[PDB]
Structure formats: structure tokens, C-alpha cells
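Engineer: give me coordinates for this.
(2 chains)
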Amino acid sequence: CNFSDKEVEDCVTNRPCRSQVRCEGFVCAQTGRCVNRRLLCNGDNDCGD
Amino acid sequence: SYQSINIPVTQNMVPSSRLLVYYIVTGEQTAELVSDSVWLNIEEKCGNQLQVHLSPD
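Structural biologist: Residues are numbered from 1 along each chain as shown, chains lettered A, B, ... in the order given. Sure, the structure comes next:
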């Protein structure tokens, strides 16, 4: 078969969505992983970056 | 920013009252009680406002 058993179309932003899950921790800027502030300066890459 | 403490210093506060302000912040997961307080010096005044005088001064 064609591999494209999947197909996708773009849209306008008809409506907002509440995806903006609140991180109280630090946000690992490049990854967006939410890490607890106690893991800052931890000596360990607990972020990705 | 937050509403100030806008309150009348009613007679019960004389001569002195103490203001303590507090909140609990849940943090990431662990709560902390945060508080501060100040001594408020109040004018010495009577509730009766009683006055006495010789009428034939």
C-alpha cells in the first residue's frame, strides 16, 4: 500500500483550547519540561537542555 | 496587587493594637504559611468622652 493511510489538512484556529497546562516549577526552556525549583543548580541535567 | 487594609480604628483598639497578615501558599506541592505583623500605636481616648467642669467658671 501507500504509506499514507494517514492524511492531514490545516485549518484556521476556529476556537481556543486550554492546553496551557500551568507549571508552578521551572520550565526547561527548550523542552518545556516542568521541573521543581529544587532541581535548579542540582548538578544534574534534570531538564533536557 | 491587593486591597489595602482600609479600616476604621474603632474605640476597642485603644491604646494599642497589633496587625498580623498571613496567607498559605501551596507552593509546587508543599504548603507554607507566610505571615508578618506590626504594632499599631493608637491615640489614648475614652469611649464615654466624659467631661466635667465648674459651670460658674
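
Engineer: every contact and neighbour count from this point should use C-alpha atoms.
Structural biologist: Will do.

Engineer: so what's the residue in chain A that chain B sits nearest to up against?
Structural biologist: The nearest approach of chain A to chain B comes at residue A:24, 5.6 Å away (CA to the nearest CA). Residue A:24 sits next to A:34, A:36, B:27, B:28 when contact means CA atoms under 8 Å, 6 or more residues apart in numbering or on different chains.

Engineer: what segments of chain A are strands?
Structural biologist: Secondary structure of chain A (DSSP state E): strands located at A:26-27, A:34-35.

Engineer: columns mean neighbour count and distance to residue B:42 on top of these, output as JSON lines?
Structural biologist: Listed next are these as JSON lines, based on neighbours: other CA atoms under 10 Å in any protein chain shown; distance: least, CA to CA, whole Å:
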{"stretch": "strand A:26-27", "mean neighbour count": "16", "distance to residue B:42": "45"}
{"stretch": "strand A:34-35", "mean neighbour count": "16", "distance to residue B:42": "49"}
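
Engineer: just put those in JSON lines and tack on distance to residue A:44.
Structural biologist: Shown next, in JSON lines, are the strands of chain A (distance: least, CA to CA, whole Å):
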{"stretch": "strand A:26-27", "distance to residue A:44": "15"}
{"stretch": "strand A:34-35", "distance to residue A:44": "12"}
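
Engineer: can you put these in TSV and add distance to chain B?
Structural biologist: Converted to TSV, those look like this (distance: least, CA to the nearest CA, whole Å):
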stretch	distance to chain B
strand A:26-27	10
strand A:34-35	10
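
Engineer: what's the burial count for the residue lying closest to residue A:28 once chain neighbours are set aside?
Structural biologist: In space, and not counting its chain neighbours, residue A:28 is closest to residue A:47: 5.6 Å by CA to CA, 6 or more residues apart in numbering or on different chains. Neighbour count of residue A:47, defined by other CA atoms under 10 Å in any protein chain shown: 17.
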